[PDB]
Each structure stands twice: as structure tokens, then as C-alpha cells.
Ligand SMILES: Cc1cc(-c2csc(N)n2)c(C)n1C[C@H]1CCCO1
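Single chain ahead, by itself, as C-alpha cells, in the form solved without the named molecule.
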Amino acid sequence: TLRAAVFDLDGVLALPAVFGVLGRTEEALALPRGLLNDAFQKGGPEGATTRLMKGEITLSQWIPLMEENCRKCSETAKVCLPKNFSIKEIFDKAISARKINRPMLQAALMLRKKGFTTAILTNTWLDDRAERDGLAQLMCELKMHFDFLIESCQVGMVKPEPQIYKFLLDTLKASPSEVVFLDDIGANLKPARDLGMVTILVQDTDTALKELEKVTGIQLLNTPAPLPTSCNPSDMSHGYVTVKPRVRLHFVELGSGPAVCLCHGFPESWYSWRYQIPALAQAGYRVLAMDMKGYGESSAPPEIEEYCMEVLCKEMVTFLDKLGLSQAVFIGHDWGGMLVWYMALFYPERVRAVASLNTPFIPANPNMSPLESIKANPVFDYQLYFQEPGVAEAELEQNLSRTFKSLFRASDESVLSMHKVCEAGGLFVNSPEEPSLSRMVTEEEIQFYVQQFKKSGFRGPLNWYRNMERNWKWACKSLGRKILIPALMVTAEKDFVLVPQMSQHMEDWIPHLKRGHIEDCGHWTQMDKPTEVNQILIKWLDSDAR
């Protein structure tokens, strides 16, 4: 029966409420009880406050009207306001105090996940204060989670006027009985109740959620911790930079603040960062999530040498030149991990900070061919298998769904050992035709990768593994250097190829290296443990890259 949920902003989705600041100020200052609320509400439907909420005047225009009101209310109560009494001050402080009420947001999210239409209906104002950015940020963060945001000051109507509820119903394309409406002000609930909408008077959050759960029959309280926000590909800004005549690089871009370039591994996609992109933008960064050369909407030339580290890095430098970025933070995973270490070694002036997930920095051994080094470790055998052009391409392209479904698996779900792959004759020779879905990925998500890999297949991606000698020779030029810029190494306990112990000597080359470690996390770090990745990157960014 219920198909829609509507939330207020002040006192419901955001706390503490700004009305509450009138009460507290009166109390803090020993003013007559309700003096500030009287001034705020003075003139009722014709007063300054309503014209503000209807969008007739702006917040900065309203400020000295409320001031006048405060003076008038205090003369008639026969009291004085303190020296320095400041409405601007009181509201600045109240508006920055007010934060997203996380359990209300997460209930709204859950309800939208079971198919509810969700809306924010709020009485609010045109905010032109020097400090307005703080509220623009809150509204941005909230509104991406809802179907509609309806603001008194944009539509020229205010709760409790009945026309705004009709406007609400009309926006929702729902009858009143399909709707639950939550509000902290009972007078604002009444007209909803008059049309026969379910209403909830929100005082403390848990009681409101308990009522909300009973009436929708969905569990909202005590629910397990949800995944971070993911990205919908078609809601992203897509960017394209030609770094040389046959090579354009695609990236997805979100956020403002210091530039942070995310570099995925094999055989992946910008979309492998789908969990870190909103979180890092939300944390104050400008995220650029690449399709690395060979992938997705980036160019994929056929030639092996187009994918040696040297060329790849020079191209990332050019990519920063064309965007006008003198630096970026470089964060990589797997092959992208190896690439960001090389960026730090050969272009430290361009790298604000470098971080790698799973991929350690191991200096080239000048006394041993890279092929032999790879032959010394049974678990890198899959790399020898990748050498012969065409062999791995045919297996990996043969059935794309089965490919990503077989590869993208948590540590306790694996269907393919990386063990004697050449000898067995391939990666999947002993894996099912139709693997089950990993807990880490939905069917929709696999199909995004499948569709990405239909453009260029696996030639470009596999080429990354076909410059062992060339990369070794280039790496050997850097053997006297150290990495002395800010650097984070994140190891993954259950990555059985890029094992944590392979990073154990990194302090010899990177003396001030910082670390994170993620337990029960396989090779596909970002999607396996997205919450922990986010927490470790954002903490390191704020302390070291900012």
C-alpha cells in the first residue's frame, strides 16, 4: 500500500534543527522564554519569515528584519537584548552546527532500495550569506539520495499551506494514502493527515524509525551496515583527453579540491573505483577515475610497446599537462599500483602523494632477467601464460560474463587457482561454465564490465604484461633513487598473488612510507572491502596530501 516516503530537512534529515537554536540562545542568554521564537514568527503568514520561506526575499535581506522583530518583541516584554546580540551570528553558528542525521538518511536509502519513491519537502530559504557554501554542501550530499527535493523558496509555497501538499502529491504521482510523511512540527503534519497520508511526528529518531518500520513493514532499525554509495555510470561527468594522435584517455570526474587520480588494475575499469569515487569527493577531493590505456572508452592500440611503463607514465604526465594540473595524488591498484610507484620515481614534481593497494614497490634486480624473476614464484605463472600474443586473448574473450564472474570473487569463493596455469592450458580450464555470482558483485555490475570489454577486448590489457624486459631496463635507471614524497602502501591479507609479505622491504626505498592493512580481503580490494579502503585512503589523504 505505501509507495512513498517524504522527509523534512530541519529536525528530520538534519540535526540539530535551526528552530532549536532560538530556544537554546534564549536559554544561554537568560532571555524571556520564547522571545526569539516570537520574533522569528512575527506577522505569521504576512511576516518577514514567510516571505523568506516563499523565496520573496533572501536570507541576508531577512536578517535585519528578524533583528527589528527581536527589538519589538523585547520592548513589549519590557527587557533588553545583550550588547553584541547578533542574529547573523546565531544563524551562522546554527546552520554550520546542523549535520546529516545518518540513521534517518539510511532509512530513507533502504526504503528507496525496496522501491519507495522518496522526497525531501522543506521550508527553506535563498541563502546568500558569505558562508552559504556550507549549506550548499549539505543539500548536495542529501539530495543525490532522493527522487525529489521540494523547497518552499523555489516553489513559492510553505508548510502548512495546503497547496504545497497538493504540489507534493502531484510531484510524487501518488494518492495520499500511498504516502508516509515525517516531520518534527505537528502543525505541518496536520494537512498531510487531512488528505489521509500516514504521518510520523519525529521527536527522537529511533522512535520515529520504529513507527516508520511498523507502518511500512520494512526493517530500518538495527540493520546491518550498508555499502558506501556506488556510482551510476550515466550520472557521471565523462572526460576525454587526447594525449597523442592515436591515444585519447577517458576518465570519470567528481568533486572539488586537490586532484586525485585513480588508476585501476587488470582486467578492470574506472568502475572498479565506484565505491571510492563518491566517498573521496565527499571528503574534499577532485577525483579523476581513469580508464587506463587499453580499457573501456580509452584508446587501445594493438602494439605491445604502446603499454610499456615508460610510455604509459609519459602519457599520464601529458594527461595532467592537457588538464592544466601541475600535480595529482596518484592512487593505483594492481597494474595501476605499479604505475603510480613509477610516476613517483620518474615524475615526483607531478605527484602530490602516491598510494598503492596490493602492489608493492620492488626495485628491479639489475642482475636477473625479469622473466627469470617471474619464473621463481609459482604464483606468478599466470604472467607467463599471458606472454604469447593471442593465447590469453582467446580464452578471456571467449565468454565475457564467465570471465569477470570467474575473476571477480572474494577470498573464500575462488574458482581458479593461479597455479600452474600454463601447464593446465589456461586460467579457466577447471572452472565452471556458469559460475555463481560473487557476493561482491551484482549481475548488473558484471554486465557493465562485459559491455566495456566488448569495445577492445583483452589485447591492450594483456599487453601491460608483455614489456617485462623494457620495463626492467627503464626501472634500472631509477635504482639510486628513493621515494621521498608522501606514500601509502595498503596490503590485502588474502591476496594470494600480491601477498602482504612481498611488501616487507619497502621501507628501504621509501623510508617514510605509511601503511594500512585490510584483513579478510582478497585481490579485488576496492569492491571486496570498500568501507575499509575508503576509511584508510581518506585518513591518509587528509593527513598527507592536504
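All residue numbers refer to positions in the sequence shown, first residue = 1.
Only in words, not in the display: the form deposited with the named molecule bound, which the text now covers.
Q: Of the options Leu59, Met502, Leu513, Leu35, which one has a non-hydrogen atom that comes within 4.5 Å of the named molecule in the entry with it bound?
A: That would be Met502.
Q: Of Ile120, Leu249, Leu288, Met338, which one comes within 4.5 Å of the named molecule in the entry with it bound, counting heavy atoms only?
A: Contact with the named molecule in the entry with it bound is made by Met338 alone.
Q: Is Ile374 close enough to the named molecule in the entry with it bound to count, meaning some heavy atom within 4.5 Å?
A: Because a heavy atom of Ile374 falls inside 4.5 Å of the named molecule in the entry with it bound, the answer is yes.
Q: Counting only non-hydrogen atoms and a 4.5 angstroms cut-off, does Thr359 reach the named molecule in the entry with it bound?
A: Residue-level check for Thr359: yes, a contact with the named molecule.
Q: Wondering, does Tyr465 line up within 4.5 Å of the named molecule in the entry with it bound on heavy atoms?
A: Yes, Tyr465 lies within 4.5 Å of the named molecule in the entry with it bound.
Q: Taking heavy atoms and a 4.5 Å cut-off, does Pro228 contact the named molecule in the entry with it bound?
A: Flag for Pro228 set to no.
Q: Within 4.5 Å of the named molecule in the entry with it bound, do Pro370, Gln383 and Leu498 each have at least one heavy atom?
A: Result yes, every residue of the spot touches the named molecule.
Q: Of 130-138, 239-247, 330-338, 276-284, which is the one stretch near the named molecule in the entry with it bound, taking non-hydrogen atoms within 4.5 angstroms as near?
A: Checking each option against the 4.5 Å cut-off leaves 330-338.
Q: Does anything in 261-291 come within 4.5 Å of the named molecule in the entry with it bound by heavy atoms, and if so which residues, in order?
A: Heavy-atom contacts to the named molecule in the entry with it bound: nothing from 261-291.
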